[PDB]
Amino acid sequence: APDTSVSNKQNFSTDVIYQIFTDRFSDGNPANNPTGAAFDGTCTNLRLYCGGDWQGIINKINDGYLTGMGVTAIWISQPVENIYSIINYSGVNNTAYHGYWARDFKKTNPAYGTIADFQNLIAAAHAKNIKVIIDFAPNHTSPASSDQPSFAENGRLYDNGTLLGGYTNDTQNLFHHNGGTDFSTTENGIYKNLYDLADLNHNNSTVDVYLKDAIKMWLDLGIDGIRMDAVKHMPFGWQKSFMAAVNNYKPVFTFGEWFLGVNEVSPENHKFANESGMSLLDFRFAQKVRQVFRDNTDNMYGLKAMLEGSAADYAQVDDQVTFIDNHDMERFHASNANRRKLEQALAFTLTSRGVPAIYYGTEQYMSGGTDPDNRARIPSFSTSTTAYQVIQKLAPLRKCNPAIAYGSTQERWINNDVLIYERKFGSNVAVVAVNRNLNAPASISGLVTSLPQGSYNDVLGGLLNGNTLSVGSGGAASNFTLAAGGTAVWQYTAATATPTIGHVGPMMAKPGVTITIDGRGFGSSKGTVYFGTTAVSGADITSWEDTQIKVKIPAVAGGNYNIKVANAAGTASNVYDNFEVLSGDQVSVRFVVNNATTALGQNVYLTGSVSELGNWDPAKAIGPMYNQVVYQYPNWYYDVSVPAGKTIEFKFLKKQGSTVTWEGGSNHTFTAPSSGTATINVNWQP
């Protein structure tokens, strides 16, 4: 299969995701609707169930609404069984229509459907070339009060009908009892409750094993991807061990939610996207796009800076999931605003790097404030809007023009209101022109591109007042006027002759797992794949075609490797870096070091004998460690993903900038568990 096939669960860069709030999309089966005070068929009360389900989605996939738009993946509400209590929050009744108040990760939410409905959903989708992504929220169960056990369902957790435990009298310690977070620090937001949601303790073996088992059930059901909720709120080491469990079993594209506010740029966010095994929802991209096209609080130079910066900060910028709004933000379109603003933002997002996600109803110009006004029932299924048509014209380009799916991004012309950029990959180019100024045209002169000489029709066909482009020799375009609110797309595609790698997935796995390398120019006869200097050819390369290669990871030492391929003729490709070969299956272990006093700005880190611990390289040490919540300074702690059942030697160190002070004595040593978790407690050696 080619890189663009629905069967490619490892790469979403050529796809366009449509985010659906199941309950608010389409009620296809009135029989599973909740009843009484938990239900509102008119969907006037936005905190109750409106009746949307999997049957409805199946209906809209079959009647051509989604396929007509050019959507190729759908991301749906968390499918697991949620609590049944109607929660009164100071006067207002609330239900779990949203899917985020889990009670049992091994069963379905009956309001959405049965497991049979779920399987039918996967089948209907796959039959129409649409991938299915599910929301998954393992940070907590539901709202609980440890002293008012009668409140809601007391955050109760079930294992396929069997009561594991509740928030009140949690003697097993399945949850955290550290209070509620004030979001003051990253550590504070991880080990304390989010609002009143019972926080799961991932250091408890029962919880650890349970979640890893639960996700395997869904993988077996045929899902194509996972959206991980609240990743900034779970231990990073545990999450890596969780991603390893998925990748070492049945890898699927996974991306997490790490909220970023306006103008916020987080280095922790970057590190997590670069090292956890999963990518993230591109909040930096979204906040900036809103500032520029929506609220007008920044201009084109700020958009450019975000594009150049992110391309530098994220090791895999093409895996970040882009959007302009979602269920936790005001809808992009304001009731009174000019529609062209939304249309332009859509066009920009659809032709920009990364994986575009569209929140249901956007194409219908839905408006609404914060939760729950941003979650109204979709008003209609009309294919006659300009927004629907823009998506319909642009979504398909991600499949047919690799420059859009995998290309670099380059600014070719810019002012306060205008941005003209070029996407390029192999012998493929796309040039996009956007003039956010709704009142003034702009005179474009001096535009240079990589387009071959000739004339180019606007791919949008003038839908957004775009025009034809005339390119002379040297790729120099003749002067032209870019209309007020104008948006135009020009492109050129041709066969690529040299092997060019555009994507690799998964990005982290143990030896033996099969990875997918996507790109162009691979040729049709098997060549060679290199992991560092190690060559792999013949049988281990399970499939080889011009746009996709499937190969098993060789048994090399755990570590970071560059990947390169060479065609049958010996021609080598570009290098794709940052691939992590694990030392084996993983387990999450908590390391604790006592009496490690430091000076201000100086932090404690951990290093050791395996690649998962940096292999004694201080530049690769794990940390900085925590010392507020679970243990307090001068005792430090941290949850780390380490190879299961191995005997490891470790040492702690203090780092200030790049200046390091090693622990004295001999290495500490220990053997990792084969499964479940463990906690290692040692004293700092002077």
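Start at 1 and count along the sequence shown; that's the residue number.
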item	value
Residue range whose averaged C-alpha B-factor is higher in the record, 187 to 195 or 154 to 162	154 to 162
Selected stretch [higher average CA B-factor]: 437 to 445 or 339 to 347	437 to 445
C-alpha B-factor winner, where the candidates are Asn269, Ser588, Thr114, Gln291	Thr114
Maximum C-alpha temperature factor, selected from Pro372, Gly558, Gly519, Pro251	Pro372
Ranked C-alpha temperature factor of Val207 among modelled chain residues, by third	middle
CA B-factor ranking of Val640, expressed as a third of its chain	lowest
For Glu308, the third of its chain into which the C-alpha B factor falls	middle
Record-listed C-alpha B factor of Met69: chain third	lowest
Chain-wide C-alpha B factor ranking for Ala37, given as lowest, middle or highest third	highest
